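Have a look at the structure below, then the notes.
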Amino acid sequence: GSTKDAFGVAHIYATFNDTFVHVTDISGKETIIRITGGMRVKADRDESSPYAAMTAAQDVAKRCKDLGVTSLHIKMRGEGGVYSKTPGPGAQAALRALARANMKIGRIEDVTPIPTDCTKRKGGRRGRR
Amino acid sequence: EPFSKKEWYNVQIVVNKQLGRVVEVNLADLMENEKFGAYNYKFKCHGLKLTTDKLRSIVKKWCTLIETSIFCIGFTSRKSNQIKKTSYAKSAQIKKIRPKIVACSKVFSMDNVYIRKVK
Amino acid sequence: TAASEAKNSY
Amino acid sequence: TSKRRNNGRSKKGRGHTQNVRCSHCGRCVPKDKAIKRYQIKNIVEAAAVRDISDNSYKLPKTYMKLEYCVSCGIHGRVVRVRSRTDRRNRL
Amino acid sequence: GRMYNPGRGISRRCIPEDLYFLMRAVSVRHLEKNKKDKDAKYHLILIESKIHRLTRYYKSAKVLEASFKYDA
RNA sequence: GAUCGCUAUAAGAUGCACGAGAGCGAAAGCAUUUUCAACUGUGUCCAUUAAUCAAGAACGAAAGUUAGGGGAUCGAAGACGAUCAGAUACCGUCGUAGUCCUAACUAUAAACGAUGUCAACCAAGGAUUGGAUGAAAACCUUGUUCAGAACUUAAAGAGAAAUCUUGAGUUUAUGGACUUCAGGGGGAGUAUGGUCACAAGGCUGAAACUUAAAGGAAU
C-alpha cells in the first residue's frame, strides 16, 4: 500500500512537557507514523529532551522513506492557546533530526494557534507561585 | 500493518482500499513561482488564506489597522517627509476605507493591502 | 480681537 | 514616598484599563503597567539553518508580543533594578 | 470655566429665547425607548437645572410672571 | 481507542496583534463594523442670569443578595495527589456557589494624583491630540495664535526632606471666594441610641480605662 515519493506534512507539536512527531498525507486526514517523546524514554522528566525528540524523529523518518514519503511540509506548533506560544525545547531537535535523516524539507510554517480572543487562563488573579 | 489496505489516489493522498477531502497547497506550488508563497490555497474533493508568516510580519506598531469584509486588511503608512513617529487615521478617515483599493490613499496614505482570506 | 489671543492655571 | 513619578504605570488621562495575563506566570496585570517585549526569531534556529538549506524558500520568522508581570520581569532578567539616578533614564 | 463640565473654552465673538431653546429637555425626555441610558439621564438633570436657574432669574427680572413652572 | 491530525456543526464567553505616559467620560468606567458633550469659528442674542455649597438627590468597579434564563472557561467552599516535623497553604488534578444576560437590591475599595471647587499672576525647552489662520502639493513639512493629556532643565521659589514648578510658588513681608475634614498613641469605627437594607451590612458615633511615645523624610 506504498507508493513513490509522496510529499508529507510534519506537524511537529513539541511542548515543554512532551514532543510529537506526526506525519500524514497532504490532506491531513491519514497519518503515516506518529512517534512521541514519551514512547522513546523511561524517565518522565525526559519526555521532551532534545535527544528524545531527535531519536523519535529519527525513527519516524525511516518509516517514511520505507513507505515512500521523503519530503515533508513542516508545521511548527506549541501549546499556545492561552499558554506560551513559543515552541518547546525539542522542536528544533526534531526538525533537524529529520534534516539529518536525509529528508527534503518543503514549506516550514508556525501553526501555533493565536486566539483572536481568549477564554480565561488557569491560575487566578495572582498567577503561579 | 495499517498500510497494507491503503490505495493511493491523486489530487497524492492515501486512501484505505468517500473523497469530502480538503487539501491545502501553497499558492507558490500551484503557480510554481515563489512570488506567491505568502498564500495558502485549499482544494476540496475551497478558498484561500494568507500564511501566518506574512500576516504577523506586516502588523506595524505606530499605525492604524484597517480591516473589512472576502477579508481585506490594510495599514496606514508613513509619508516621505513625515518626521513624526506615528501616522494614525481618525475615526472618520477609517470609515471611508471600509486590490491596488489603495488609491483610498487620497483619504490617508496606505500601502499594505492584501486579501487575507476568502471563504 | 479676543480671538486674536484665542488660538491657564490658578 | 512615591518611588516613581508615574507610579510605575503609563496611564495619564484615563481611569481604568483592561488587565492582561502575564506570559510566564499567568498573573493578571494592568495593560499600561505591563512590561512588553516584541520578539522576532527565525523558526529554523541558525544552528540548524545549514542543514535545512542543505536538504530542502525563505525561512519565515516568528512574531510574538510578550508581556510580563513585575515579579517575573525582574526574576527573568527582562529588566534590572536600576540605580536611583538611572531610574529616570527612559531611553 | 464651563458650568458643569471642567472645560474652559474661550471661543468668542469680538465686537470691534434662550430659555425656550433649552426645552433639548423635551428632545431627550428619547428616554422612553432607551430606559437603560444612564448617560442621558445624568445629562437630563444638568439641562433641567439650567432651566430652573434661568426660570428663577427671569421671574425676578419680571420677564416671566412668577406663575411659570416648567413641567413634563 | 486516549494524546495527536484533517473536516464539520451547535450554543456560551471573549474582543489579540493595531493598543501608545494616545482619545473620551463628573467619577465608576469605555476597545469588531453598520442621543449627548466639548473644542474651534463669528461685527448672533440676553444682560449678571455667577462661584462654592449644611439639608436633599442622581450615578457609583469588584464582591455579595433575590427571581428568572444561561451555564464554555476559570473557580471562595470541598475532595484528591504531592512537599513538609505537621501543611487543614503555596505545586498538580477534579469540582458546587460565583464568573454571563435580564429585573430589582446593596452603596462600599490603595473609589489614589493618598493633592477639594472656582479666579488672577509665574523661568527656560522639545514633542503631542482637535481646531482656525499663513506658507508649503485630504496625508505629510513649516509659522501663528486656543483647548487637552503629558514630559525635560533649573544657580530660582517652597518644603522637615523626599520632592513640587500648568503648584506642594506668589504665607510671620501671615487676609482672593466657598465647602469639608484633623488635634499624641490605644481602647475604636467598639458600646449605646437613631436610621436605611430581605440580609451581609452601610451612615451617625462615644466613654471608662491604659500608655511616653506612636509616626514622617532622609544618613
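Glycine gets a Cβ as well: all are built from the backbone with ideal geometry, and neighbour counts include every protein chain shown. Where a number appears in this text, it was derived from the coordinates with a stated rule and is not lab data.
Computed values, structure above
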| quantity | calculated |
| --- | --- |
| Complete set of residues in region D:68-87 that are within 13 Å of RNA strand F (Cβ to nearest atom) and either more than 13 Å from the chain's Cα centre (by Cα) or within 14 Å of chain B (Cβ to nearest Cβ) (or both) | D:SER83, D:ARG84, D:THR85, D:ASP86, D:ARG87 |
| Flag for A:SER71 being small (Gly, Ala, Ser), more than 29 Å from B:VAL22 (Cβ to Cβ) and either surrounded by fewer than 20 Cβ atoms within 10 Å (Cβ to Cβ) or at the interface with another protein chain (Cβ under 8 Å from one of its Cβ atoms) (or both) | no |
| Answer residue from region A:30-59, given it is in contact with a strand residue (DSSP E or B) (Cβ under 8 Å, 6 or more places away or on another chain) and within 13 Å of another protein chain (Cβ to nearest Cβ) and is nearest to B:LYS17 (Cα to Cα) among those | A:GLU30 |
| Matching residues, region B:40-62, being among the aliphatic types (A, V, I, L, M) and closer than 13 Å to B:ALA28 by Cα | B:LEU48, B:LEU50 |
| Residues (over 25 Å from D:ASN42 (Cβ atoms) and outside any strand (DSSP E or B)) located in region B:56-71 | B:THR64, B:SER69, B:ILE70 |
| Test: residue in region B:78-91 that is touching a helix residue (DSSP H, G or I) at 6+ places or on another chain (Cβ under 6 Å), more than 8 Å from chain A (Cβ to nearest Cβ) and aliphatic (A, V, I, L, M) | no |
| Top-ranked residue of region D:18-38 - restricted to ones that are in a strand (DSSP E or B) and facing chain A (nearest Cβ under 8 Å), ranked as surrounded by the fewest Cβ atoms within 10 Å (Cβ to Cβ) | D:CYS28 |
| Pairs with Cβ under 7 Å, 6+ apart, first in region D:3-26 and at positive phi, second among the small types (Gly, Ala, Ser) | D:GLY26/A:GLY123; D:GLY26/A:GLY127 |
| Subset of region E:1-27 [under 12 Å from E:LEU46 (Cα atoms) and not in a loop (DSSP other than H, G, I, E, B)] | E:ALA25 |
| Which listed residue is out of contact with any strand residue (DSSP E or B) (no Cβ under 9 Å at 6 or more places or on another chain) and either over 19 Å from A:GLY106 (Cβ atoms) or surrounded by fewer than 18 Cβ atoms within 10 Å (Cβ to Cβ) (or both), from D:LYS58, D:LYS65 | D:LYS58 |
| Filter pass, D:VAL70 being exposed (fewer than 10 other Cβ atoms within 10 Å of the Cβ) and of a type in the set (A, V, I, L, M, F, W, C) | no |
| Qualifying strands (runs of 3 or more DSSP E) (wholly inside region B:1-55; at least 2 residues being more than 21 Å from A:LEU72 (Cβ to Cβ)) | B:47-49 |
| Among (1) within 11 Å of another protein chain (Cβ to nearest Cβ); (2) within 14 Å of RNA strand F (Cβ to nearest atom) - the single one A:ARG63 does not satisfy | (2) |
| Region A:1-20 - residue that is touching a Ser or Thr at 6+ places or on another chain (Cβ under 7 Å) and of a type in the set (A, V, I, L, M, F, W, C) and, of those, farthest from the other protein chains (Cβ to nearest Cβ) | A:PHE20 |
| Only one of A:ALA53, A:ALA57, A:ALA43 that is under 30 Å from D:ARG37 (Cα atoms) and small (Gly, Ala, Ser) | A:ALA53 |
| Pairs, first away from every other protein chain (no Cβ under 14 Å) in region E:34-47, second within 6 Å of RNA strand F (Cβ to nearest atom) and assigned to a helix (DSSP H, G or I), C-beta under 7 Å, six or more apart | E:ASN34/E:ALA40; E:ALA40/E:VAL28; E:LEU44/E:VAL28 |
| Selection count, region E:30-44, where residues are within 13 Å of the chain's Cα centre (by Cα) and more than 6 Å from RNA strand F (Cβ to nearest atom) | 1 |
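So that you can scan it fast, the table gives a plain yes or no per residue for (1) hydrophobic (A, V, I, L, M, F, W, C); (2) within 15 Å of B:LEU50 (Cβ to Cβ); (3) surrounded by fewer than 16 Cβ atoms within 10 Å (Cβ to Cβ):
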{"position": "B:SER80", "(1), (2), (3)": "no, no, yes"}
{"position": "B:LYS84", "(1), (2), (3)": "no, no, yes"}
{"position": "B:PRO99", "(1), (2), (3)": "no, yes, yes"}
{"position": "B:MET110", "(1), (2), (3)": "yes, no, no"}
{"position": "B:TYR114", "(1), (2), (3)": "no, yes, no"}
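Conditions tested, residue by residue: (1) within 11 Å of RNA strand F (Cβ to nearest atom); (2) under 23 Å from D:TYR68 (Cβ atoms).
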site: A:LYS42; (1), (2): no, no
site: A:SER84; (1), (2): no, yes
site: A:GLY90; (1), (2): no, no
site: A:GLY106; (1), (2): no, no
site: A:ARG129; (1), (2): yes, yes
